[PDB]
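Number of protein chains: 2
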Amino acid sequence: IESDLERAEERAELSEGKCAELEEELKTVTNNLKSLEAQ
Amino acid sequence: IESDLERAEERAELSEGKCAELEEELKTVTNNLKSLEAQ
């Protein structure tokens, strides 16, 4: 169970980093869309 | 440790749900942006 826990924490951290990267990409794309929607 | 694994799995599945939702949102928004830019 300790072996389960260690890589479970590792993959949770990796998924959190991926979530942060995806959120940053969403922010960038929504700023781009807001800029383009002017005209 | 069983409780730790339980809420770690809960947070994990929430993470994949958020990742899937944001990925599909990015796909649709990029498709819309490309279609609008094509004009």
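Going down the list, the sequences are from chains P and O.
The first sequence begins at 172 in the deposited numbering and counts up by one.
The second sequence begins at 172 in the deposited numbering and counts up by one.
Quick reminder that beta carbons are idealized off the backbone N, C-alpha and C, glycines included.
C-alpha distance - residue i paired with residue j, whole-angstrom precision
i	j	result
O/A183	O/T199	24 Å
P/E177	O/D175	11 Å
O/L185	O/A209	36 Å
O/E196	O/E181	23 Å
CB of residue i within 8 Å of CB of residue j, strictly
i	j	result
O/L204	P/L207	yes
O/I172	P/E187	no
Any C-beta of chain O under 8 Å from that of residue i
i	result
P/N202	no
P/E173	yes
P/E180	yes
Contact with chain P by residue i, beta-carbon distance below 8 Å
i	result
O/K189	yes
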